[PDB]
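6 protein chains.
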Amino acid sequence: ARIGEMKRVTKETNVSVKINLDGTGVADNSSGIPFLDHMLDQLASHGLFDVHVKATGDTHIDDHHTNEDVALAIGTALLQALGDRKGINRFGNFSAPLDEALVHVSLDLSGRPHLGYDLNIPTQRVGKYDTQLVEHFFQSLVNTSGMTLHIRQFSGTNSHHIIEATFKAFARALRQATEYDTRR
Amino acid sequence: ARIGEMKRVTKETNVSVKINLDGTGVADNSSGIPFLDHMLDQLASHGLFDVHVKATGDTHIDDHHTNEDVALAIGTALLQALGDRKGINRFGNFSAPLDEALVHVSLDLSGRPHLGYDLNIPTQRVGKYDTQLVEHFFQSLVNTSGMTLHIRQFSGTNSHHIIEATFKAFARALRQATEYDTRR
Amino acid sequence: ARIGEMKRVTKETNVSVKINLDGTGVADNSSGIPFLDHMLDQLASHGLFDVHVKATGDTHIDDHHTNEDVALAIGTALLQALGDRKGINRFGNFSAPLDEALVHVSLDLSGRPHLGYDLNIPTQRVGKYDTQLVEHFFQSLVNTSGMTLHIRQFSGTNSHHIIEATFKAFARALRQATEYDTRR
Amino acid sequence: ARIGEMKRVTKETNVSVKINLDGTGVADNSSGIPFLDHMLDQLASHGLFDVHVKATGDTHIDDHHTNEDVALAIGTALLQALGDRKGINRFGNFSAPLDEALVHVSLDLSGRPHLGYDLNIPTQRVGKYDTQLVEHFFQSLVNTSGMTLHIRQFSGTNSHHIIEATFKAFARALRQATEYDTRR
Amino acid sequence: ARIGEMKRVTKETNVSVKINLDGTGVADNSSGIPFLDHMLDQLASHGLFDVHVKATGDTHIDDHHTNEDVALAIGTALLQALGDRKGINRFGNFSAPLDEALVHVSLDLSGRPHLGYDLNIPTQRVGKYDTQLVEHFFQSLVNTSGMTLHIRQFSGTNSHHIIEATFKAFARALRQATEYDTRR
Amino acid sequence: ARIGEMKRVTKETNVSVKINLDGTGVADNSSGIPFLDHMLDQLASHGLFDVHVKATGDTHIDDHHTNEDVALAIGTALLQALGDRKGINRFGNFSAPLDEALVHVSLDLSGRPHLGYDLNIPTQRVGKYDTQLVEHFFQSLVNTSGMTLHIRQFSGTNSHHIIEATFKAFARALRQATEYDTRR
Ligand SMILES: O=P(O)(O)OC[C@H](O)[C@@H](O)c1cnc[nH]1
Ligand SMILES: O=P(O)(O)OC[C@H](O)[C@@H](O)c1cnc[nH]1
Ligand SMILES: O=P(O)(O)OC[C@H](O)[C@@H](O)c1cnc[nH]1
Ligand SMILES: O=P(O)(O)OC[C@H](O)[C@@H](O)c1cnc[nH]1
Ligand SMILES: O=P(O)(O)OC[C@H](O)[C@@H](O)c1cnc[nH]1
Ligand SMILES: O=P(O)(O)OC[C@H](O)[C@@H](O)c1cnc[nH]1
Ligand SMILES: [Mn+2]
Ligand SMILES: [Mn+2]
Ligand SMILES: [Mn+2]
Ligand SMILES: [Mn+2]
Ligand SMILES: [Mn+2]
Ligand SMILES: [Mn+2]
Ligand SMILES: [Mn+2]
Ligand SMILES: [Mn+2]
Ligand SMILES: [Mn+2]
Ligand SMILES: [Mn+2]
Ligand SMILES: [Mn+2]
Ligand SMILES: [Mn+2]
């Protein structure tokens, strides 16, 4: 089983993260940000990873520094879990709906970081969560993990539906790229 | 008296609902969402139904899952109260103002679900309540009850006035369609 | 083997339907509408289902009531064949060409009905079949089965080619979503 | 193992080609055109075919006649390797990135030739290779093999990145369509 | 060492301020406004001033009166610390980035107050802090200190990044203008 | 003296690089690309670094793979030379002309990679060198070194003048950011 780990402490935040790439979908996510915990459960449920996050930070300023440090920690742990990368599929591709929304995702585990982001989120807040932090989460994840990632919206109107469909399609495309390629 | 009931429990919410179609306007509505309780009182007061709702949920994420599960429960209870549908008017139609706002409603108790929605709500929050949830409430209600519904705005500026006039006109059109047609 | 059945008789039509989700591609389709029989054979041939339809109706008015009642019967039989839905893939996705035409399909077996339809069919009749009935067929199927469905055109000019490519891509995406997920 | 062969000699060129559809990714490509050799290596590496090309021609006029005759020879050898086409998947579909570029490919091994081409290459030369020859290569390949092919660009800026991503996505979609379908 | 002081009490607020122009970067900032404390720490860290603020006010109306009175107090203390202004550089100029944002600042310690402000902040709230108060802060500071100030945005998208880059560039330009000019 | 080193060998290229941050302007640059050697001499001459590059590659395809691998090696060696980064200026800023051209540069040695690129180069080739490789050079350098970089054109017409003025302004801004800050 490919298991990666990371711990990071600064003057703003304290973060611990653990990821299993050959899991059964166990989730235990307790950051300081309740809506982000709901999205990280989708990564376990539709990708079948084991995911565990614990974090405390400076949320009386805002949620920005806690959102950034958690995303950096997940990228580092994924790069440690993958290792040599011998014998994997390496590419993944999927489109996923939630009622009237639909999002398309493709990625490549290349060693070269890049983000292409093309979403149109029509409100500024979902509950207490700020909607500019969705794009900042994915940009910090690709910088520490070294992946090429493209995200593109086909339709949708409700803001809760659009974000949750992104995290569903991302989970299924990442599951495809990390599985072993039994050859032709 | 035509009385319908429903109870639904999931990992997000716990909901109980009871509706009387031949009532005197008794209201007892205690969801977790205070502005939605104020709108459900209009359904009892202007339609003369008896309406009772009790709900608890996961409102520290947001109000979305609690708003959706309550609406599904009301649609199921209405379909159980109606039964065979022998001898009713079946169609209803009404327009209702509140100061400078005016909304037109027509519906048909057909067995075929459809929503046509045409409102223009100019702010994002009324009190703590999110304004995209008005359209999600009516879409969940027509899917479990099987009704054809059309809603169209003629004028209006204040957001509180526009939503409360929708729930007034809906109540008077539903009262017309469920009453017995003493024949010509 | 997951097998679903339905019989419906009204003052307009008489319909019998049977579907096997673990089939070998046996087709026996005899509605009153010859072009619709040719499309239902594609569902058996490219999805590997067993499909059987028998229908008579009031085709001297037009084909509308017979087209609607057959589609409702197929949705009910699919919902009975699926049952609990334990252990399936649940999502499906595919794009299919026929000469110069190309159509993209994605779906989710959710319990929440919705149709997104985006085709541009350039003539009014193919043989004797009316081209507005393509959209009415898919809307009746999602209302009884409870599925989320999105259909989108990428290119194409000939009307026979565009409709037949829709039914090919739909068959391959439905085969993906009903198969058992041997886990990671 | 399905192996196809072809030899063609005219007053312009001399060409020999050999392809294995059940290979391990062995490449030995020596045409007179160095950039085209680099693209043919991608077909072996990402599709897992065995590919061997040897060619000499009249490259002091230009590269046009050598580029056309090699493409015709590959189409003939693929049609000989496939034979009866009993029991294959027959359809294939994939999207592939390279940094900021992304291209979508779908195809069908039908017996009816057609090309849909939609790329936007922003310079006239990559090294010594002329960029109008990319479209001429794919048009000659579909005429001798008899396949339906669609190619469409989603993003990209660098000319080397756009062409190499086309040959990657084409390789993965062709691998899907030639594999045996173990039935449902 | 050039040290300036100020105390101001009204029926709205109570404010105490102390600034050292020849400091080592010691910060002790406790206003009633948490996001403004985070920006005042940047003034100590990148300009190497010693800065100390203590304030209480009427924040149950809003943050406006507390934001205005703190800014007036800082301008007065800077004018007392500078004194005669013999032998200083008097002018300062700097451009500073933070990820995708970039802001240009130039100023002159002239005795004539003026503000030129050209920022485009795309949301209304960062955490609890209102974004119209950024411009009101700088206008009150130049009126009591008597400085000419110009602020201009070159790029940027995230609201937290744009404001924090303004306070970084302002700190480095003010450090340049208050240092002693060892002559040519 | 802060000295960094790197050696990288792949199936495309062979590269060796050495950089001194406290140098006297000694240059010894022998890649396979003659115009790129002329630009690397500007980095020694105007920034006062010592720079040494040796490379061989696959330039009969094109110059792309050799241009990319050299840029990656320089970024790694700079990150090794900097180390802890205690006591440096960390920011740099400069604008530089060459006849009718003028380019503005600012950067920050942050640990977070980002490139903003805004040039308009009016021809496709300068000598034998391809002009799309200027942007690819700077993107590979910021990914291995972890710097924030912004480049913006103010005027210019001749292609040789525009590129050489970029490399002059970059050299003077990097010299500023790596020097020791004798404190205030
Ligand atoms: O079981 P699902 O994966 O379909 O989860 C849907 C839930 O009800 C909830 O996550 C949701 C419903 N609408 C937005 N979010
Ligand atoms: O008695 P009414 O039905 O007219 O209720 C009006 C109330 O004052 C209140 O519901 C309201 C007034 N304006 C918006 N809402
Ligand atoms: O064998 P296929 O699946 O390619 O069927 C094609 C048939 O010839 C026919 O269905 C058709 C050809 N053009 C439109 N329809
Ligand atoms: O190993 P890869 O498949 O990612 O090959 C990338 C190579 O470095 C090279 O083919 C390339 C890099 N950029 C354009 N071409
Ligand atoms: O050390 P820095 O000056 O780069 O501070 C950056 C911090 O992480 C934080 O202030 C920040 C990061 N993004 C916005 N704010
Ligand atoms: O001495 P300089 O730095 O001005 O170098 C100018 C040279 O003549 C040469 O590099 C040049 C002149 N025009 C373009 N390049
Ligand atoms: Mn940030
Ligand atoms: Mn949800
Ligand atoms: Mn919902
Ligand atoms: Mn009211
Ligand atoms: Mn109808
Ligand atoms: Mn046909
Ligand atoms: Mn030709
Ligand atoms: Mn290449
Ligand atoms: Mn004021
Ligand atoms: Mn910050
Ligand atoms: Mn490259
Ligand atoms: Mn020169």
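Protein chains in written order, with the entry's author numbering: chain L, 78 to 261; chain E, 78 to 261; chain O, 78 to 261; chain A, 78 to 261; chain K, 78 to 261; chain W, 78 to 261.
Quick reminder that beta carbons are idealized off the backbone N, C-alpha and C, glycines included.
Does any residue of chain L have a CB that is nearer than 8 angstroms to the CB of residue 174 of chain W? The sequence position of residue 174 of chain W within the sixth sequence is 97, counting from 1. By this cut-off, residue 174 of chain W is not an interface position.
What is the DSSP secondary structure of residue 216 of chain W, reduced to helix, strand or coil? In the sixth sequence, the residue the question calls residue 216 of chain W occupies position 139. Helix at residue 216 of chain W.
Let me make sure I understand the geometry here. Which of A:234, A:103, A:136 and A:145 has the alpha-carbon closest to that of residue 85 of chain A? Along the fourth sequence, one-based indexing puts residue 85 of chain A at 8. When each option's Cα is compared against that of residue 85 of chain A, the closest is A:145.
Please report whether the beta-carbon of residue 220 of chain L lies at a distance below 8 angstroms from any beta-carbon of chain W. Here residue 220 of chain L corresponds to residue number 143 of the first sequence, with the count starting at 1. Yes, residue 220 of chain L counts as interfacial toward chain W.
Please decide whether residue 111 of chain E counts as near chain O, where near means a Cβ-Cβ distance under 8 angstroms. Residue mapping note: residue 111 of chain E aligns to position 34 of the second sequence, counting from 1. Taking 8 angstroms as the CB threshold, residue 111 of chain E stays off the interface with chain O.
Alpha carbon of residue 116 of chain W to alpha carbon of residue 244 of chain W, nearest angstrom: In the sixth sequence, counting from the first residue as 1, residue 116 of chain W sits at position 39. In the sixth sequence, counting from the first residue as 1, residue 244 of chain W sits at position 167. Spanning the two alpha carbons is a distance of roughly 7 angstroms.
Return the Cβ separation of residue 83 of chain W and residue 154 of chain W in integer angstroms, given the expectation that the two are a contact with Cβ distance under 8 angstroms. Working through the sixth sequence from its first residue, we reach residue 83 of chain W at position 6. Working through the sixth sequence from its first residue, we reach residue 154 of chain W at position 77. Right, the Cβ-Cβ distance comes to about 5 angstroms (below 8 angstroms), so this counts as a contact.
Coarse secondary structure for residue 190 of chain A, derived from DSSP in three states: Here the question's residue 190 of chain A lines up with position 113 in the fourth sequence. Coil.
Any non-hydrogen atom of ligand 2 within 7 angstroms of residue 177 of chain A CB: Taking the fourth sequence and counting its residues from 1, the one referred to as residue 177 of chain A is at position 100. Not so, every heavy atom of ligand 2 lies at least 7 angstroms from the Cβ.
Check each candidate in O:178, O:176, O:187 and O:164 and name the one with the smallest Cα separation from residue 173 of chain L. Translated into positions along the first sequence, residue 173 of chain L becomes position 96. Here the closest residue by C-alpha is O:187.
Residue 115 of chain O beta carbon near ligand 12 (any heavy atom closer than 7 angstroms): The residue given as residue 115 of chain O occupies position 38 in the third sequence. It does: the Cβ of residue 115 of chain O is within 7 angstroms (strictly closer) of some heavy atom of ligand 12.
Ignoring anything shorter than 3 residues or poking outside the stretch 90–122 of chain W, list the beta strand (DSSP E) runs there in chain order. 91–97 and 104–107
Buried versus exposed call for residue 209 of chain O [16 or more other C-beta atoms within 10 Å across all chains shown]: Position 132 of the third sequence, counted from the start, is the residue given in the question as residue 209 of chain O. Residue 209 of chain O is exposed by the Cβ-count criterion.
Euclidean distance between Cα positions of residue 109 of chain K and residue 95 of chain W: Along the fifth sequence, read from residue 1 onward, the residue named residue 109 of chain K stands at position 32. Along the sixth sequence, read from residue 1 onward, the residue named residue 95 of chain W stands at position 18. Roughly 52 angstroms between the two C-alpha positions.
Within the same chain, show all residues whose beta-carbon is closer than 6 angstroms to that of residue 252 of chain K, passing over the 5 residues directly before and after it, in chain order. Residue numbering aside, residue 252 of chain K sits at position 175 when the fifth sequence is read from its first letter. So the qualifying residues of the chain are 124.
Please confirm whether any heavy atom of ligand 14 lies closer than 7 angstroms to the CB of residue 142 of chain W. In the sixth sequence, residue 142 of chain W corresponds to position 65, counting from 1. The answer is yes for residue 142 of chain W.
Near residue 247 of chain O, what residues of its chain come up, given a Cβ to Cβ distance below 7 angstroms and the 5 sequence neighbours on each side ignored? By one-based count along the third sequence, residue 247 of chain O stands at place 170. Spatial neighbours of residue 247 of chain O in its own chain (CB-CB distance under 7 angstroms, excluding positions within 5 residues in sequence) are listed in chain order as 182.
Strictly below 7 angstroms CB to CB, what residues from chain O border residue 185 of chain A? Position 108 of the fourth sequence, counting from 1, holds the residue named residue 185 of chain A. Those within 7 angstroms of residue 185 of chain A in chain O are 174.
Are residue 254 of chain W and residue 126 of chain W close, meaning C-beta to C-beta below 8 angstroms? If you number the sixth sequence from 1, residue 254 of chain W lands on position 177. If you number the sixth sequence from 1, residue 126 of chain W lands on position 49. No, these two residues do not count as a Cβ contact at 8 angstroms.
Nearest to residue 122 of chain O by alpha carbon, out of O:231, O:258, O:257 and O:241? Taking the third sequence and counting its residues from 1, one reaches residue 122 of chain O at position 45. Cα-wise, what sits closest to residue 122 of chain O is O:241.
So what does DSSP say about residue 245 of chain L, is it helix, strand or coil? By one-based count along the first sequence, residue 245 of chain L stands at place 168. Of the three classes helix, strand and coil, the one that applies to residue 245 of chain L here is helix, per DSSP.
Compare the beta carbon distance of residue 198 of chain L and residue 204 of chain K with 8 angstroms and say whether it is the shorter of the two. Here residue 198 of chain L refers to the residue found at position 121 of the first sequence. Here residue 204 of chain K refers to the residue found at position 127 of the fifth sequence. No, they are not a contact pair.
By the three-class DSSP mapping on this structure, what secondary structure does residue 145 of chain W have? Position 68 of the sixth sequence holds residue 145 of chain W. Taken through DSSP and simplified to helix, strand or coil, residue 145 of chain W comes out as helix.
Which residues, in order along the stretch 114–148 of chain E, keep a beta-carbon less than 8 angstroms from a beta-carbon of chain L? 137, 138, 139, 140 and 141
Let me check one thing: in DSSP terms, what residues is residue 184 of chain O bridge-paired to? Here residue 184 of chain O is taken as the residue at index 107 of the third sequence, counted from 1. Answer is O:169 and O:226.
Below 9 angstroms on C-beta distance, what does residue 209 of chain W contact in chain A? Along the sixth sequence, read from residue 1 onward, the residue named residue 209 of chain W stands at position 132. Near residue 209 of chain W (Cβ distances below 9 angstroms), the residues of chain A are 199, 200, 234, 235, 236 and 237.
Residue 103 of chain A versus residue 128 of chain A - alpha carbon distance: For this step, residue 103 of chain A is matched to residue 26 along the fourth sequence. For this step, residue 128 of chain A is matched to residue 51 along the fourth sequence. In a straight line, the C-alpha of residue 103 of chain A is about 7 angstroms away from that of residue 128 of chain A.
Just to confirm, are residue 228 of chain A and residue 196 of chain A a CB contact at a threshold of 8 angstroms? Residue 228 of chain A sits at position 151 when you count from the first residue of the fourth sequence. Residue 196 of chain A sits at position 119 when you count from the first residue of the fourth sequence. Yes, Cβ-Cβ distance for residue 228 of chain A and residue 196 of chain A is below 8 angstroms.
Other residues of its chain near residue 135 of chain O: CB distance less than 8 angstroms, five sequence neighbours each side excluded: Along the third sequence, read from residue 1 onward, the residue named residue 135 of chain O stands at position 58. Cβ neighbours of residue 135 of chain O beyond the five flanking positions: 89, 90, 142 and 143.
Taking only beta-carbon positions, decide if residue 179 of chain K is within less than 8 angstroms of chain W. Residue numbering aside, residue 179 of chain K sits at position 102 when the fifth sequence is read from its first letter. Yes, its Cβ sits closer than 8 angstroms to a Cβ of chain W.
Let me make sure I understand the geometry here. Which of E:80, E:112, E:92 and E:132 has the alpha-carbon closest to that of residue 100 of chain E? Your numbering for residue 100 of chain E matches position 23 in the second sequence. Cα-wise, what sits closest to residue 100 of chain E is E:80.
Residues in its own chain within less than 7 angstroms of residue 98 of chain E by CB, not counting five upstream and five downstream? Locating residue 98 of chain E in the second sequence gives position 21, where the first residue counts as 1. Hits under 7 angstroms: 79, 126, 158 and 255.
Would you tell me roughly how many angstroms separate the C-alpha atoms of residue 250 of chain L and residue 171 of chain L, rounded to the nearest one? Start at 1 with the first residue of the first sequence, and residue 250 of chain L comes out as number 173. Start at 1 with the first residue of the first sequence, and residue 171 of chain L comes out as number 94. The straight-line gap from Cα to Cα measures roughly 6 angstroms.
Quick check: is any heavy atom of ligand 16 less than 7 angstroms from the C-beta of residue 123 of chain K? In the fifth sequence, the residue the question calls residue 123 of chain K occupies position 46. Every heavy atom of ligand 16 is 7 angstroms or more from the Cβ of residue 123 of chain K, so no.
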